[PDB]
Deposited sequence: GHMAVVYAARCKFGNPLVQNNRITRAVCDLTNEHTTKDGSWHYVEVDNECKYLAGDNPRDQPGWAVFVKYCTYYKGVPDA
């Protein structure tokens, strides 16, 4: 059922801010069930999450959006 990798980005300026994106990724990981999603990977600077054909159907998407917009970022799925 969740066989697609997506990168959630928290953008400013609009380009990803790696520090805010990592923080949001970590906060999302801690505030969602542990399913493999919401692990920030340094090599390609991606907050990776796992989903189906629509990334925004993942339950963590709204959590990511809450933290990203709290810090005045624009979330991109």
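A.B. asks: Can you list the gaps, numbered from 1 on the deposited sequence, where no C-alpha is modelled?
C.D. replies: Unobserved in coordinates, per deposited numbering: 1, 15-16.
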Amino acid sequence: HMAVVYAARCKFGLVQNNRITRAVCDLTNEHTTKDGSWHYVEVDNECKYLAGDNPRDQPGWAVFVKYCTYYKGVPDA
From here on, numbers count along this sequence of modelled residues.
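A.B. asks: Quick one: higher average CA temperature factor, 38-46 or 22-30?
C.D. replies: Result of the comparison: 38-46.
A.B. asks: Taking the mean of the C-alpha B-factors per stretch from the entry, tell me the winner out of 63-71 and 50-58.
C.D. replies: Per the deposited B-factors, the answer is 50-58.
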